[PDB]
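Chains as they are written, first to last, in UniProt numbering: chain A, 3 to 276; chain B, 38 to 420; chain C, 38 to 420. First the structure, in the form of structure tokens, and then the observations on it.
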Amino acid sequence: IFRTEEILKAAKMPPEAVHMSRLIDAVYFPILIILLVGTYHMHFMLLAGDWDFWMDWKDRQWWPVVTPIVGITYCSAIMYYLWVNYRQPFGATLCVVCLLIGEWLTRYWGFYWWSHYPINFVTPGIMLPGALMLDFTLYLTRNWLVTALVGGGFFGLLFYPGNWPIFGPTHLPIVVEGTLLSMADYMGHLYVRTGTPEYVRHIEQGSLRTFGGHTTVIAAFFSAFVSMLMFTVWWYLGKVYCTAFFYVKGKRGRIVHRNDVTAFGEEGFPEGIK
Amino acid sequence: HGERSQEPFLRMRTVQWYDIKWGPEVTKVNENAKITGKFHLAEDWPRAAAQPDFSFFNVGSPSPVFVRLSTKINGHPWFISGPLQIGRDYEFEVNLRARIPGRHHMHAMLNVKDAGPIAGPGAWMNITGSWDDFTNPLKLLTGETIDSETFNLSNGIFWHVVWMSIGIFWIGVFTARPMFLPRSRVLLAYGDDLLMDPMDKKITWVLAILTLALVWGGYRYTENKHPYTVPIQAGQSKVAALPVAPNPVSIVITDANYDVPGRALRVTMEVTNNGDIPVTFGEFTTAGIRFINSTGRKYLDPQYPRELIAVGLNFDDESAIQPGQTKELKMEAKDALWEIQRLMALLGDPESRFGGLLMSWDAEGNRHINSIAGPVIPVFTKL
Amino acid sequence: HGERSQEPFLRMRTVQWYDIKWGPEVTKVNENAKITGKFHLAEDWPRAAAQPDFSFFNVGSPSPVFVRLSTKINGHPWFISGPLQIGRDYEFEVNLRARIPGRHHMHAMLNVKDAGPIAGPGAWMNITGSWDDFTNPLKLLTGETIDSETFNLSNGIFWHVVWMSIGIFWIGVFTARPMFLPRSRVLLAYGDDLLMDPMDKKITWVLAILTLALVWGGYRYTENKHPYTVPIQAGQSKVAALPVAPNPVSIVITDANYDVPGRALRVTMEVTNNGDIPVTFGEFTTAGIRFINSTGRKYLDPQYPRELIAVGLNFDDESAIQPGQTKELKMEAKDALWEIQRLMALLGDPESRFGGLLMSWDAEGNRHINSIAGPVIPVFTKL
Ligand SMILES: [Cu+2]
Ligand SMILES: [Cu+2]
Numbered sequence: 003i004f005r006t007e008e009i010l011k012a013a014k015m016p017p018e019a020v021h022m023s024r025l026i027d028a029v030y031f032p033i034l035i036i037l038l039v040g041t042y043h044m045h046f047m048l049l050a051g052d053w054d055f056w057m058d059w060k061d062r063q064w065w066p067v068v069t070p071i072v073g074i075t076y077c078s079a080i081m082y083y084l085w086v087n088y089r090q091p092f093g094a095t096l097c098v099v100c101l102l103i104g105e106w107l108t109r110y111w112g113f114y115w116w117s118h119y120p121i122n123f124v125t126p127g128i129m130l131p132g133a134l135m136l137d138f139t140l141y142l143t144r145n146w147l148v149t150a151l152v153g154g155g156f157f158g159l160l161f162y163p164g165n166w167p168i169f170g171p172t173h174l175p176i177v178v179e180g181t182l183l184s185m186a187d188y189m190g191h192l193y194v195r196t197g198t199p200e201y202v203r204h205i206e207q208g209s210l211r212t213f214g215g216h217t218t219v220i221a222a223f224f225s226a227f228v229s230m231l232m233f234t235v236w237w238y239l240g241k242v243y244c245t246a247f248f249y250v251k252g253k254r255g256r257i258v259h260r261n262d263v264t265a266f267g268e269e270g271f272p273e274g275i276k
Numbered sequence: 038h039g040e041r042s043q044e045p046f047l048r049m050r051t052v053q054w055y056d057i058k059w060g061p062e063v064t065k066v067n068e069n070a071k072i073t074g075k076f077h078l079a080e081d082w083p084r085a086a087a088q089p090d091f092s093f094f095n096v097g098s099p100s101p102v103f104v105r106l107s108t109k110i111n112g113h114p115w116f117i118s119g120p121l122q123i124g125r126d127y128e129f130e131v132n133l134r135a136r137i138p139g140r141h142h143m144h145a146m147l148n149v150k151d152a153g154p155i156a157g158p159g160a161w162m163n164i165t166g167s168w169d170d171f172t173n174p175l176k177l178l179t180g181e182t183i184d185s186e187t188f189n190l191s192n193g194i195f196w197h198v199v200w201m202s203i204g205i206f207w208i209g210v211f212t213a214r215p216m217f218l219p220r221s222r223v224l225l226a227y228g229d230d231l232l233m234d235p236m237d238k239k240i241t242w243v244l245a246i247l248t249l250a251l252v253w254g255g256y257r258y259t260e261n262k263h264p265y266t267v268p269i270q271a272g273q274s275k276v277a278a279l280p281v282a283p284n285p286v287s288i289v290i291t292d293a294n295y296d297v298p299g300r301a302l303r304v305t306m307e308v309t310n311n312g313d314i315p316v317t318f319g320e321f322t323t324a325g326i327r328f329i330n331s332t333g334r335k336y337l338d339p340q341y342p343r344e345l346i347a348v349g350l351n352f353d354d355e356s357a358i359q360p361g362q363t364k365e366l367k368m369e370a371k372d373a374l375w376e377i378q379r380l381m382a383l384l385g386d387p388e389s390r391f392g393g394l395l396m397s398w399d400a401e402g403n404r405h406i407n408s409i410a411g412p413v414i415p416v417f418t419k420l
Numbered sequence: 038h039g040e041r042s043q044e045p046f047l048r049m050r051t052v053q054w055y056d057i058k059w060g061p062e063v064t065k066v067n068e069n070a071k072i073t074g075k076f077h078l079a080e081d082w083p084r085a086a087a088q089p090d091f092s093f094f095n096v097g098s099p100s101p102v103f104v105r106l107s108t109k110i111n112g113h114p115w116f117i118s119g120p121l122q123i124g125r126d127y128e129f130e131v132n133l134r135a136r137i138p139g140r141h142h143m144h145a146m147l148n149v150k151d152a153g154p155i156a157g158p159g160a161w162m163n164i165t166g167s168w169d170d171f172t173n174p175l176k177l178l179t180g181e182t183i184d185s186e187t188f189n190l191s192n193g194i195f196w197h198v199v200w201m202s203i204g205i206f207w208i209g210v211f212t213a214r215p216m217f218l219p220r221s222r223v224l225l226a227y228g229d230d231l232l233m234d235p236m237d238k239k240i241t242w243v244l245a246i247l248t249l250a251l252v253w254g255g256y257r258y259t260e261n262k263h264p265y266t267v268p269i270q271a272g273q274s275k276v277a278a279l280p281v282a283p284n285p286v287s288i289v290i291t292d293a294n295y296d297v298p299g300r301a302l303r304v305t306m307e308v309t310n311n312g313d314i315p316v317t318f319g320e321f322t323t324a325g326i327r328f329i330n331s332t333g334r335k336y337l338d339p340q341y342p343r344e345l346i347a348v349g350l351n352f353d354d355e356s357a358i359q360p361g362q363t364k365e366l367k368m369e370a371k372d373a374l375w376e377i378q379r380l381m382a383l384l385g386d387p388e389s390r391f392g393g394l395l396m397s398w399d400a401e402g403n404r405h406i407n408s409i410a411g412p413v414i415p416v417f418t419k420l
């Protein structure tokens with residue numbers, strides 16, 4: 003219903019070759035999924051996992067700025083790989099889905115079932131709408147620079163509105179011992195973190211140069227701007243990550259870079275197959 | 038559980054805890070509990086430990102087996118960390134509620150901004166019941182009753198499931214056809230003309246419209262359901278320290294030594310009772326460890342954990358210092374409790390120094406506390 | 038003009054200005070003017086605002102319509118910023134001279150090193166005359182009279198014109214002949230042999246000699262015309278704070294709430310008059326805004342701007358606190374002035390806290406000032 007038979011006919015694959023290709027896909031794609039889970043999860047948690055773990059770290063200054071900048075990195079590289087090599091537009095969504103799968107597994111088994119923290123206190127939460135819109139921008143524009151601009155803007159801007167339905171109810175006010183707190187703050191105080199005291203929270207604190215009514219908005223744009231840079235940089239990193247050569251040697255013992263080329267991609271190879 | 042690893046000189050000369058009460062010993066789930074105490078910030082604050090300009094009073098629980106209902110330093114709610122003064126005494130009270138059954142060692146700690154955790158004494162508390170019977174009913178300022186254990190649980194899971202389903206559909210609409218090798222061959226031999234599908238364009242447009250509409254709709258629904266919300270609270274807590282109590286006892290440390298192949302702390306001091314009533318020393322406290330004699334045993338909490346109490350406090354002259362008299366005393370704190378808490382580890386410290394609280398009592402029962410510190414010399418008994 | 042944007046909790050608990058006099062109201066160009074006042078640094082200094090270890094007293098003018106002849110904190114010339122103490126009171130006097138005619142709102146500000154600007158109250162001052170009649174005659178230590186408006190004006194313009202003429206000649210000696218395309222073709226086809234001109238070498242040598250000679254000559258001429266010069270002054274200013282006045286009134290804040298859909302500040306306090314004469318509260322001051330009652334109206338500057346004065350201070354018991362009596366009072370500061378200065382914006386603050394100055398008077402007219410602060414709770418009248 004898509005155009006798969008035409009693609010297979012253009013590739014000149016006999017039925018056994020088609021079955022072998024299907025087996026290659028079924029073997030390699032789960033491997034890529036697991037690698038994305040592991041590596042992207044490590045990168046995200048060790049760069050932005052602290053705001054990710056706890057409800058009271060989700061603030062208006064650092065969370066919506068740090069999170070998208072860290073998240074765009076693997077997404078840009080994987081999108082480069084998929085789009086450039088196979089014309090597949092689901093890179094960023096796949097990255098964020100893998101990250102969320104790993105995050106949910108660790109929160110349920112590590113934080114909750116081992117450390118006895120409640121599940122609602124460790125919602126990560128989502129970063130998916132921005133990745134989806136970035137994928138849609140890359141597919142519709144087909145240009146990676148226009149994709150950098152527009153998709154990075156979307157990725158940096160849609161983070162806070164997309165997470166507001168999850169963490170908005172946690173901002174309801176409570177009064178404890180005559181002191182006003184957000185419900186996330188009282189959840190953080192209620193469930194003791196022996197290794198995490200209050201003063202380590204890198205959250206907003208207000209300033210005499212600060213417009214309290216615009217804070218998130220400013221954080222929504224700065225995180226966007228850097229994203230437009232970061233994407234671009236990591237897009238070039240994708241070209242570094244796709245570098246596939248061999249160190250061959252001969253005679254004097256000299257080492258030369260050698261590239262294995264696809265024979266089907268040559269000038270007259272497809273016509274001579276028949 | 039780890040406090041002994043902490044270098045002695047540091048803990049010994051940082052926070053000097055005293056009068057710590059844990060109770061009740063055995064409590065059922067959903068019942069109230071309290072940890073109360075006082076602590077003195079030693080004047081000989083080590084250079085390694087930073088000044089307590091941002092101090093948070095924490096609980097050293099095995100896990101959140103207790104929900105910290107409140108923490109109050111002196112009388113000020115200590116939800117936000119704040120500065121504390123060195124050489125001043127403070128009182129703390131932690132109100133908790135039983136969550137997870139079991140036997141658990143429950144400590145006092147003072148987390149300092151750059152110094153780190155300063156753990157305190159510990160006692161075993163028992164919770165009897167079931168974790169599935171735990172309820173923590175709270176009331177919000179907007180006028181809604183909630184349960185802290187189950188709050189905003191279905192909302193987050195629901196939004197996660199919705200967005201993850203959308204993402205899974207987007208991913209799997211492409212993982213249903215030849216995806217790696219035939220596409221690579223076609224692209225490397227014929228370009229991307231056959232690799233672009235109008236049906237994929239229609240799906241992309243529909244999904245982009247759906248994503249933007251869902252973001253806007255969720256934001257508007259949340260802002261209509263909860264019109265009033267407060268941001269994440271921050272700032273600092275501030276409380277005046279306990280007033281300095283008049284001390285008729287003045288102590289000057291002249292010598293101090295500790296056995297390297299042994300367990301003993303020998304301190305030579307010059308004490309002056311410039312008051313008007315005889316005064317007798319009865320207790321030396323450091324790192325929660327207490328060395329007591331008959332005088333100290335006379336005024337002793339019968340419910341304090343006995344694993345941190347050692348009757349090993351000896352003086353050369355165990356007589357009451359008469360008013361207006363200066364006396365040279367030699368105190369000897371010797372018991373196996375020094376080996377458990379590793380007084381032995383002062384030989385590898387970059388600062389060989391001791392500190393603690395020496396407690397004395399009047400004939401009428403009034404208590405005086407002196408924070409004593411000095412340099413300790415190693416004594417090699419093996420030689 | 039911008040102070041209302043500044044978060045309330047911050048300004049409310051930083052600098053508490055009081056007794057501010059602007060005058061004369063209408064002054065001609067080249068005449069003297071003065072802004073005097075006092076300010077208290079609140080003990081509840083917010084964590085967001087850094088400590089005033091480098092404080093400069095500035096003037097919030099629309100433009101330099103006034104030339105700041107001098108600024109003196111207490112009695113020390115405050116040309117260089119310096120440290121100020123929290124919990125202490127200071128007096129300031131700014132002497133200015135009229136420069137630009139018009140109507141201008143003239144403020145007091147205290148710029149703190151890392152906190153930023155802390156703007157104060159403002160009043161409208163009028164200047165009548167002409168900006169072209171402005172003269173500021175000063176006398177230098179070397180013994181020369183100058184005008185600050187026209188000083189070192191012809192010298193800088195002259196040297197700029199000379200060097201810019203030399204640079205323009207150097208540039209334009211080459212922008213008079215084929216310069217981009219023929220040179221590129223000749224260089225890319227034949228090398229640079231035909232692109233080097235001996236006349237250009239002669240011009241280059243002459244101009245280099247002229248440039249070096251001009252640099253040396255200008256330096257020597259300036260060092261011969263002004264043998265004595267001082268560098269750019271730096272350092273810090275230092276003045277002792279005003280002595281702490283004895284206060285017979287001690288106030289402890291127990292509760293405080295503010296209406297979110299409204300305008301009101303309700304503060305519950307426990308007041309103690311440990312003096313020997315009845316004391317009656319009359320004024321609550323914060324962020325320059327003043328709430329007064331009959332007692333406060335009795336002692337009121339008739340020339341203070343009326344746009345920051347609100348007769349809305351109400352007590353449950355408006356009776357004088359007798360000596361040696363502790364009383365529970367509930368103060369209610371309600372007026373539209375809360376909406377103008379945005380007391381409303383405490384709901385989006387990461388620290389919901391109020392602060393201000395409560396003023397009280399004796400039967401004989403002596404004034405006591407108390408800096409009060411606490412946590413404010415939002416009250417949702419819409420519910
Ligand atoms: Cu323990
Ligand atoms: Cu103004």
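Virtual Cβ for every residue (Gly too), placed ideally from N, Cα, C.
Item, Value
"Closer than 7 Å to chain B by CB, A:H118", "yes"
"Contact set between A:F213 and chain C, taken where Cβ atoms lie within less than 8 Å", "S42"
"The beta strand (DSSP E) enclosing B:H405, as first and last residue numbers", "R404 to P412"
"Within chain A, the residues that B:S202 reaches when beta carbons sit closer than 9 Å", "Near B:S202 there are no residues of chain A at all, since even the closest Cβ is about 10 Å away, more than 9 Å."
"CB contact flag (C:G60, C:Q273, <7 Å)", "no"
"Sequence ranges, alpha helix (DSSP H) only - wholly within the stretch 11-60 of chain A, length at least 4", "17-55"
"Of the residues A:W64, A:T95 and A:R89, the one placed nearest A:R144, counting alpha carbons only", "A:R89"
"is_contact[B:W161, chain A] using C-beta, thresh 7 Å", "no"
"Residues passing the C-beta test against ligand 2 heavy atoms, cut-off 5 Å", "C:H38, C:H142 and C:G159"
"is_contact[B:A277, chain C] using C-beta, thresh 7 Å", "no"
"Whole-angstrom distance between B:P158 and B:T418, CA atom to CA atom", "31 Å"
"Alpha-carbon to alpha-carbon, A:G155 and B:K176", "40 Å"
"Chain-ordered chain A contacts of B:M216 [CB-CB under 8 Å]", "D27, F31, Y88 and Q90"
"Inter-residue Cα distance where the pair is B:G312 and B:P283", "10 Å"
"Inter-stretch contact (C-beta, 8 Å, three-pair minimum) for the stretch 167-175 of chain A and the stretch 170-185 of chain B", "yes"
"Contacts that C:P89 makes with chain B (C-beta to C-beta distance below 8 Å)", "Those do not exist, as C:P89 stays about 16 Å from chain B at its closest Cβ, beyond 8 Å."
"Below-7 Å beta-carbon distance, C:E344 vs any chain B residue", "no"
"Which of helix, strand or coil DSSP assigns to A:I103", "helix"
"Backbone CA spacing between C:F195 and C:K262 [nearest angstrom]", "16 Å"
"Proximity of B:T317 and B:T332 at Cβ, strictly below 7 Å", "yes"
"Within chain C, the residues that B:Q270 reaches when beta carbons sit closer than 8 Å", "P387, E388 and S389"
"Counterpart residues of C:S92 in DSSP-defined beta bridges", "C:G119 and C:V149"
"Any C-beta of chain B under 7 Å from that of C:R84", "yes"
"Interface partners of A:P175 on chain B, CB under 9 Å", "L177, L178, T179, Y265, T266 and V267"
"Amino acids of chain B, ordered along the chain, whose beta-carbon sits closer than 9 Å to that of C:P120", "Those within 9 Å of C:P120 in chain B number zero; the least Cβ separation is about 18 Å."
"Short Cβ contact (7 Å threshold) for C:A79 with C:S397", "no"
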